[PDB]
Amino acid sequence: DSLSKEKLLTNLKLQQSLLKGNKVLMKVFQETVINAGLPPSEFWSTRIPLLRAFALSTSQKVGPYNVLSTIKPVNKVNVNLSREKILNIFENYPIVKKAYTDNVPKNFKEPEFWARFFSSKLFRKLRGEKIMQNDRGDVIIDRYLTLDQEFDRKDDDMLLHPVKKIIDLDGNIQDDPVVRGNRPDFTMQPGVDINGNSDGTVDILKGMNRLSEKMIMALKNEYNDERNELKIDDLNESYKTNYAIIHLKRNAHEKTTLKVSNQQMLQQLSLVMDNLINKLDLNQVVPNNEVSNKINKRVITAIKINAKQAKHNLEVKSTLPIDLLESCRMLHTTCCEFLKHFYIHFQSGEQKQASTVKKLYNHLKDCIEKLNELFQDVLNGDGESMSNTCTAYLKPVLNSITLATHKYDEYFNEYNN
Amino acid sequence: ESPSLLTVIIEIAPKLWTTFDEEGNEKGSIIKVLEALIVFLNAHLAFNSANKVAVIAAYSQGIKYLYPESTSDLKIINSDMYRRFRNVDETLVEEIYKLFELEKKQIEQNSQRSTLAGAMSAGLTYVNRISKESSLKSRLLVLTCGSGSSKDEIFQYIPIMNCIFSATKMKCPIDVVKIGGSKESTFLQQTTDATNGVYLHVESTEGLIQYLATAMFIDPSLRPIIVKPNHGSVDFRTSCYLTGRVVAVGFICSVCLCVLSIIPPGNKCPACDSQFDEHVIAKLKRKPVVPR
Amino acid sequence: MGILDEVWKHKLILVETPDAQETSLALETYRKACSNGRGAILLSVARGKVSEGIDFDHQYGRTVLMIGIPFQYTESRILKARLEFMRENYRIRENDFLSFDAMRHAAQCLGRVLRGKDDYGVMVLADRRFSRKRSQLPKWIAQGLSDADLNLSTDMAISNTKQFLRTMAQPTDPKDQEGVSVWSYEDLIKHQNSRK
Amino acid sequence: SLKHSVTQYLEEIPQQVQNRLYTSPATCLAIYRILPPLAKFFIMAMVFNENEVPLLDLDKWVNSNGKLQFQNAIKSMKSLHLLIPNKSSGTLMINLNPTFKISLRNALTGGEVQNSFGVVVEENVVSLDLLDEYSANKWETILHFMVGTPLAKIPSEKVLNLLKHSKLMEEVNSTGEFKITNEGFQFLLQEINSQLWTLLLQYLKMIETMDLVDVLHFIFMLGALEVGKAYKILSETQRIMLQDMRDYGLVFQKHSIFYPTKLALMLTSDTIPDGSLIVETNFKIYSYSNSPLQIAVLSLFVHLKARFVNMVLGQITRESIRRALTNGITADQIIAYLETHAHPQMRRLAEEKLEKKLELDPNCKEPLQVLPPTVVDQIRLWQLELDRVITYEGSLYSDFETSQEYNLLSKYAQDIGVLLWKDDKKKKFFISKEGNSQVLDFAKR
Amino acid sequence: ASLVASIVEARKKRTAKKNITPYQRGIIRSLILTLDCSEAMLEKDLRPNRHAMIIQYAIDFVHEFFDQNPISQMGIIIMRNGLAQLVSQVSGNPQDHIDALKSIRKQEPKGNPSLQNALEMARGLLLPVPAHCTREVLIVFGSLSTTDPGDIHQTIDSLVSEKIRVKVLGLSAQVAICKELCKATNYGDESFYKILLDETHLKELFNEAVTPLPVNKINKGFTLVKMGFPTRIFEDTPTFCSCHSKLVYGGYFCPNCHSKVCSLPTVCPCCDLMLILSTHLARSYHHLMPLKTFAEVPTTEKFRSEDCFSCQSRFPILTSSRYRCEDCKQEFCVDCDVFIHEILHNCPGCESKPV
């Protein structure tokens, strides 16, 4: 289905779809392929989960439901039609879909059609309403009555299937074919009208049963056992988890990249217990104001250093021209994209990736030179008034990029040389 | 604003104190520290009228609820001083002498484990107790003698991390005072940085009064309007399990989650015995493929 | 009234057809509907063809709406002659025998809920006249029938049913039934020795 | 404004008199207790080194987020003459008061205190049985005397004269009776240390030379004192006003050994609840509190029914409301009592309604009153319906010409506090008849 | 007579927690909470309505899950009007999903549920997920039925085949299909289809769902994983970030490819490698090192001590409230027992006792 990497890369229409959904994706994609000419497959190669998420979001569909039961008759009536529910009616009733498609594009209008439909007795029959000759219906819609009837016959023919004997009431009533007793009660048998004909409640009940069967066979779509069926689980062994416990052997390496004696510590301990029982003065704790002054110097130096650390506690406010700010952000963004793709190629590790690595290396070099030329532009645009800040802002991505270039050169010298 | 529940843990150990005073010459430096802390608690309980103080000492064999007295009479200090200050100071010097006499009594047995983490945890429980009673600021103070032999912080690491997480839940900064030869104590520095605590290491026992009076006075009533004075920064990295060196980029077990700077021998976990996948580790060992 | 349209929005509705074959397809539909859990409702006569050999269990037997007293048709000369003959023979009260047959049919209707002890279900009696018939009712059936349950309305019926569902939605410790309801082989041995 | 009032009074105290106050460690300890946290930190830092600092070092240390609070602290520090900031070497060279510095240092070290913490006898006894009981007795007598419910034990003649002179609980000589002023009800609303501090501020204001600094230092050490011990009877002015505050019931003196009760501790610092009242739309009182003092003060503004163990019941009548109003007692004072006597369940319900109305609309189109207006605004509507007018009496200048008399001499009159009313467009503004100090002088220009 | 009822209730409670095991439990998690916002949750039957409380509880669940297990990504898909709507991709930042849920606050829950569509697109979202990550879904449900387009059993089979588990927190009562889902997905276990009894029980259930789950021995995936600790810088100059492309004063630096990021624990956007701190991995060590229960000593026997070992308070006196750590042979009070067993994760008695 539409789930492989190849399928997701193939769906150019879906790619354009979420493209048109976003705006920064036009920005990024335009710079990536329109401006830089990157292979758009490798563009989308990162965004594969996003593509699949968009596809699966677009791909779901609802389940069937009794749309005619949700239809209410609502003096006068005003049509308040919902197109999704109109198509729901179409899908649930292909007869109604057919009656739409041979009349509205031929004879009259859609709201006129639906007014005729709500007027029609075919609507009442398809809904849970007993048909009545007092009702006149709509003649145009009610011409489809026998067509819907033979649809019902064909659908019932499709719905017929053999039954399991374990639950077969037909086999149950065919237990004794020579039962000769008495005629059962009118009360518990299906009653009829005065002239022997039925009222049709059996028809409406078999119709709603047909609706149920249609729903369950819609469930039963494309998208022996009695031994298991008759198991009595209540007298069986309880399930126990096979979860594995874990122990932990403990032997850690010592931290890598004079010794005191009991006599000496005991001597000092005796002496300091003597001093402890001897004396203790709070007033002697006051310092000499000179080594204390050096303490003041050290403390104040620490305060100054950490205060300058705290002095640099939406992005930050900047005094850049807004266009050059956007341009440099754009260049940073596409350089980051190039760098990520180059790392994807490099950490892949194949000889098939070699020309890709070389070409992305060329693109990184081009981005470097374009960064330098941008630096020349902000040079002769500022006289290095804040072109220094421009260079420093674009610095770290450039450092990482050129570090990657050095890594590529080093591995080239490692393998080839 | 509110009474700040003061939490002070003093790590007392003759193995450290003897080492420090033999390395230097300031005998009674621990006494100087105790007097300085006496003035510190005086300054704190004079800063606020109810900012109650929890004082606990961890000796070599365990810990002790110093302040206050247990739930179950000489005066060295002066009679002219304040009533509450005098009561607390007399109680603490009595408790300190009792603990030191006990330490002299049972000196000769050996326990090589630091009790700092357990003391910190018990103090945090008491912080929960006090805060649950009756709104109170939580601020935890540790005093350590770092001149002793850094034996093994490895078993201390895990409960220290647990204490960090608990204090993070409890909004309690963990402020560290270290006196020792070693400038750096990585786990304590990480503890201060994560808990928004204060790290400080010096050597001289003199001037600690000015040191921890000036710097070590930040209360949660005024924490955001005071810059922290810490200068060190920590990478929050750990040494490897089988080589014992810190790693920047490496490997961890999917089960035990211990850092592996290299491939374990036998491709099995050195912590929880999980045998791994040879194709996985070969892909990890893969060199990049470069054109000729 | 269109009440069935409202009923459509929650479960399917299945009606006992006079055709046993269509009824079989209908019960298969109900079976599959409770299998997928979208939910369905069966409509069958108390003496109807479903009631004489089909059981319902653990999703099929969950709640039953028995409708009134299933009395037979009153004005049968055949029934009256039966009543006269059986009264002449064994001195049988006629109305009492009618109530007997009605309650026995009701019991046959309601007996198809509890397959195993793990199952659970709720029973309703939708007639005023049932209150005098607990003494008639089978003993194990009526032992769960409490005296407060003898005359209830829709509101506390709903509340008690919701609370019953909440109750049956909970797990149970095996210790509370390991020796009183479920018996091991050793439990049976111990019981046999206790009998001895 | 207790610390504000005391700080204002000490700023009124001149520099060398302040420095005399900064001489003794007990006074320095009490004043350090008064200082805000920032200045407290500053002085405890600088007190242990004789290194003066410039202002620039402190400014670099100070995070600018709380710079206003820093400005308040240093403004108090300078205006109390506790600082000596001089622009030495062009830099405002910061210097603490040195007598304050050394006396704080000695107090902290436990060094030379000269028994400023107290000339001790240390003959401790039980205080709950003699000191607390006599203290509660004398304070109950003076408290019900302030209430106005009859009580035989009249206060001292010194405090009686101070009440007669002062505008607190007016002993109106035409009536011969102590009468509840609005200031008297402010005193009733006040916290106990607030009442003590107002009393001592008034007594210090009225008392003259009796050495003022002796009274100051003695008051500060008396606040610094501890409960339940005998002490030496010192200055004689201190001793005689010590006997005065003995007659107030503050100290339990056996005519030389004296035993300070818990009132010194409360003067030093503070230490479905009690004092929590459930309001009712039917104006019924469901107090979670009871005392005969509570009934005595509730008799002024509440119609009550009976007294039970914690359940004090009653019903607030408009007769009780207007009984409060006619005494000059402010409805703002009344709601000060009411909003200090709220209950947990009803305030939780009020906060639930507030959070419900927050999401609907920010204004809610409702009057701003957090306490539930079903009962609370009924008084507040009665509060607005109580005053509901503005009266101007006396002189009035009318029919002005153009706004050079409004934006130049009446806009300036906002800065000097002489007008009672201001209307530029009416070309009239009202002043009191006696408030013509600087009104008929520049308005002629 | 309330203490006897409390004692027997504590006994019946502790019978479940008698067995404490050091099972291997998943750390690299993959948790999905789908929400239905239908007509059923419009019931005000629980105050104020089911929609509001599940919103609030989901806020709490997001906070707790990210606090305890920051080494997972969180995705939320809402169910509404016969459609399942993705609102939250799996991400390391909880704040994104917090904002999405805040959007879900103001909108109106309506429609009918479709677990088929919901679980299908949850499967599709869970498709590009690495092997070590434990794919598991929490599902809240208030209906007693489910309108669906097609079969659920094929979806069940596919989910079982793709090694993803589920846990259903139903509202009203048990639904047999949900029981079937929980049983078949969960190796026959019935410990996953849970029904609340009140909002407090719902709170407890959410807290239970916070915890990591044990894994099975047969579901063996024991391997290594590449990891990298980055380094934080605090620069004077603002610098462009790689992720959000904007100027940043500080930021961590990539250990491998030396780029910079804005948040942790996150994977690299550039060298594409996961970056954490040792705190994050040690955060679950209480799960890795569980704590034994503490036993009250009986009131009849002689007592080692009469006051609490840890909090230092007197033990109250009919029964004896002295919860003993047998690993350290010290008895403790109930408050300390609660704190050490839940908040703390170490026994200070065992810290003092040398091994």
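All chains are identified by letter, namely A, B, C, D and E, in their written order; residue positions are counted from 1 within each chain.
The rule is simple: a contact is a pair of C-beta atoms (placed from the backbone, for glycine too) under 8 Å apart; a residue touches a chain by one contact, two chains touch by 3 or more.
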Contact-graph separation of subunit B and subunit D, given in steps at minimum: 1
Between A-C and A-B, the pair joined by more C-beta contacts: A-B
Chain with minimal offset from the mean of all protein Cα atoms: E
Greatest separation from subunit C - chain, by CA centre: D
Between subunit D and subunit A, distance of the C-alpha-averaged centres to the nearest whole Å: 64
Where subunit C and subunit E are represented by their mean Cα positions, the distance between them in whole Å: 43
Centre distance in Å when subunit A and subunit E are each reduced to the mean of their C-alpha atoms: 21
Mean-CA-position distance for subunit C and subunit B (Å): 70
Contacts with two or more other chains, residues of subunit B listed in rising order: 39, 77, 209-210, 214, 227, 255-256
Residue numbers of subunit A (touch at least two other chains): 219, 246-248, 282, 286-287, 292, 296, 303, 307, 310, 347
Of all residues in subunit D, the ones touching two or more other chains: 48-49, 63, 109-110
Pairs of chains in contact (touch as defined earlier), listed by label: A-B, A-C, A-D, A-E, B-D, B-E, C-E
Complex interface listing, subunit A residues touching subunit D: 282-283, 286-287, 289, 292-293, 296, 300, 303-304, 307, 310
Complex interface listing, subunit C residues touching subunit A: 2, 4-5, 8-9, 12-15, 17-18, 20-29, 31-33, 36, 40, 45, 47-50, 52-54, 72-73, 76, 78, 115-118, 174, 182
Touch list for subunit B against partner subunit A, complex: 14-15, 17-19, 21-22, 27-28, 30-32, 34-36, 38-39, 76-77, 93, 97, 100-101, 104, 107, 149, 152-154, 204, 206-207, 209-211, 214-215, 227-231, 239-245, 255-256, 270-273, 286-292
Subunit C-touching residues of subunit E, taken from the complex the two chains share: 12, 15-16, 144-148, 151-153, 170, 172-178, 180, 190-191, 195, 197
Residues on subunit B engaged by subunit D in the complex (per definition of touch): 39, 42-43, 46-47, 49-50, 77-83, 209-210, 213-214, 217, 219, 221-222, 224-227
